[PDB]
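Sequences listed follow chains B and E, in order. Positions 897 to 1001 (the working numbering) are the ones given, in order, by the first sequence. Positions 1173 to 1382 (the working numbering) are the ones given, in order, by the second sequence. Yeah, the Cβ is synthetic: ideal placement off N, Cα and C, and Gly gets one too.
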Amino acid sequence: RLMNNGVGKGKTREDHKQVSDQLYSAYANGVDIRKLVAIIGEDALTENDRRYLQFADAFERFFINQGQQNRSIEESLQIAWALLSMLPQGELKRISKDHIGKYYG
Amino acid sequence: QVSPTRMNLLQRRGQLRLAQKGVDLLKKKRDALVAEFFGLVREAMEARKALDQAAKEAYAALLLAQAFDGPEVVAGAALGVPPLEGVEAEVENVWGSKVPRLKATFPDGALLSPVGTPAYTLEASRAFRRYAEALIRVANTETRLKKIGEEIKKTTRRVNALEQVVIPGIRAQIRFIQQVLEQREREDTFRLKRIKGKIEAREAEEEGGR
């Protein structure tokens, strides 16, 4: 509930709430569309659908499946941006474009 | 929901048992349709290959017929031929599904004034009637293969939907009903211990004071 008070400038990076927002929104849409592909075949669909499919698979393989290495908060946000780097900037509809500019590479 | 009694627990066990039999029933149906799909696919590729051989025959004859004669003679001839109409599609009602099979009408032997001056138009026209034969055979095999494939897809999504939805939903209902009925049983066997304490207190407290 109170992640809103843990994030912010002078506590972490300045985009942490927005990054977690965008990761949850994109991964929720990815698992939504795996639920949809669980009914009809894998062709009657659009392109950013497939982009979210590869994003969900790369998410479950890279962000969560860390083994038991010691990821920081800094390397974890770096992995977060390296996973968000497979989406166009016209689809990250939430976060402010300054943090698009300094990051997303 | 349903108000849980001992009747509805057995009614939901019966509904679960019927759905657990229906999953295996539809898997047997999907197996029979797989057997018929691998039946039809080799017949479809066989008719496709025969269509290819008659295609080589008809295209070589058409090139050579417009080649040795002019293009204008076969052009006026082809614009003279009657349109061969009335070709239509009748019933193949199977799996409760009418698929349209195709048959033609073929005005063929009534040649256009059969004293014909070009000599390679008629042999080419017989070759293209053989071409239309093989084409409608590949057509009414191909659409039947497509229908059986989409019915396999229907059955498969129905099996997966029915299993992975309304087996655990009925399991959740049955577990809810067993928890609440056990809870009612526990309340009543608490009331029995309280009333036994009342009986023994009535016999023991009024022993001394009497």
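Within-8 Å CB hit, residue i to chain B
| i | result |
| --- | --- |
| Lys1325 (chain E) | yes |
Chain E contact residues for residue i, given Cβ-Cβ distances below 9 Å
| i | result |
| --- | --- |
| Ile996 (chain B) | Residues of chain E passing the Cβ test: none, with the nearest at roughly 39 Å. |
Beta-ladder partner(s) of residue i, from DSSP
| i | result |
| --- | --- |
| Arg1273 (chain E) | E:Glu1262 |
| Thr908 (chain B) | B:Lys905 |
Sequence-distant residues of the same chain with beta carbon closer than 7 Å to residue i, five excluded per side
| i | result |
| --- | --- |
| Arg1273 (chain E) | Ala1261, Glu1262, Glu1264, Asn1312 |
| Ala1216 (chain E) | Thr1313, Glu1314, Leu1317 |
| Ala1227 (chain E) | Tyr1303 |
| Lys1193 (chain E) | none |
| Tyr923 (chain B) | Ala952, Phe955 |
| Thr908 (chain B) | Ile969 |
| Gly1369 (chain E) | none |
| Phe958 (chain B) | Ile975, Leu979 |
Contact list for residue i against chain B, beta-carbon separation under 7 Å
| i | result |
| --- | --- |
| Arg1184 (chain E) | The contacting residues do not exist; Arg1184 (chain E) stays about 26 Å from chain B at best. |
| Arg1329 (chain E) | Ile935 |
Cut-off 8 Å between Cβ atoms - residues of its own chain near residue i, not counting five sequence neighbours on either side
| i | result |
| --- | --- |
| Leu1198 (chain E) | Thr1327, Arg1330, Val1331, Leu1334 |
| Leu949 (chain B) | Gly926, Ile929, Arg930, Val933 |
| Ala1299 (chain E) | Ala1226, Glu1229, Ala1230, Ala1233, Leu1234 |
| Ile1339 (chain E) | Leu1188, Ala1191, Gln1192, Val1195 |
| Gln1345 (chain E) | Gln1173, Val1174, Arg1184 |
| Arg1301 (chain E) | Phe1278, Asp1280 |
| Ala1219 (chain E) | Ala1306, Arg1309, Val1310, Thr1313 |
| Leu1205 (chain E) | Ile1320, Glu1323, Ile1324, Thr1327 |
| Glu1295 (chain E) | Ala1233, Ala1237 |
| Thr1361 (chain E) | none |
| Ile996 (chain B) | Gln985, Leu988 |
Among the options, the one whose alpha carbon lies nearest that of residue i
| i | options | result |
| --- | --- | --- |
| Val1174 (chain E) | E:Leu1190, E:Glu1357, E:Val1337, E:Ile1349 | E:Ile1349 |
| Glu1208 (chain E) | E:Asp1360, E:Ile1339, E:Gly1369, E:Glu1322 | E:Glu1322 |
| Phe1240 (chain E) | E:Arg1347, E:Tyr1292, E:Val1338 | E:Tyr1292 |
| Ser1269 (chain E) | E:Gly1186, E:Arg1356, E:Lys1319 | E:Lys1319 |
| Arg1178 (chain E) | E:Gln1351, E:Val1337, E:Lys1193 | E:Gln1351 |
| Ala1282 (chain E) | E:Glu1305, E:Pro1255, E:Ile1308 | E:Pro1255 |
| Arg1343 (chain E) | E:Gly1211, E:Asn1180, E:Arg1185 | E:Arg1185 |
| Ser921 (chain B) | B:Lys905, B:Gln962, B:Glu910, B:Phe951 | B:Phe951 |
| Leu980 (chain B) | B:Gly963, B:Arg947, B:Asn966 | B:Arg947 |
| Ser1297 (chain E) | E:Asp1280, E:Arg1214, E:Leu1182, E:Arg1309 | E:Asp1280 |
| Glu910 (chain B) | B:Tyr1000, B:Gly1001, B:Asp994 | B:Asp994 |
| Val1337 (chain E) | B:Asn966, B:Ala940, B:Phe958, B:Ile935 | B:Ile935 |
| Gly1252 (chain E) | E:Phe1210, E:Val1271, E:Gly1288, E:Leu1223 | E:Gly1288 |
| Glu987 (chain B) | B:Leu898, B:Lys905, B:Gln918, B:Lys998 | B:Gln918 |
| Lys998 (chain B) | B:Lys989, B:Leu983, B:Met982, B:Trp977 | B:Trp977 |
| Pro1176 (chain E) | E:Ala1373, E:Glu1375, E:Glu1357, E:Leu1212 | E:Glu1357 |
Nonlocal neighbours in the same chain, by C-beta distance under 6 Å from residue i, ignoring five residues either side
| i | result |
| --- | --- |
| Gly1258 (chain E) | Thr1277 |
| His912 (chain B) | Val903 |
| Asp945 (chain B) | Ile929 |
| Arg1347 (chain E) | none |
| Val1245 (chain E) | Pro1290 |
| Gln1238 (chain E) | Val1246 |
| residue 1010 (chain B) | Within the shown structure, residues of chain B are numbered from 897 to 1001, placing residue 1010 (chain B) beyond reach of any answer. |
| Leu1181 (chain E) | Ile1349 |
Contact test: residue i Cβ vs the ligand MG heavy atom, cutoff 7 Å
| i | result |
| --- | --- |
| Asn901 (chain B) | Absence of the ligand MG is noted for the structure shown, with no ligands found whatsoever. |
8 Å Cβ cutoff, residue i in contact with chain A
| i | result |
| --- | --- |
| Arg1363 (chain E) | Note that chain A does not occur in the displayed structure, where the protein chains are B and E. |
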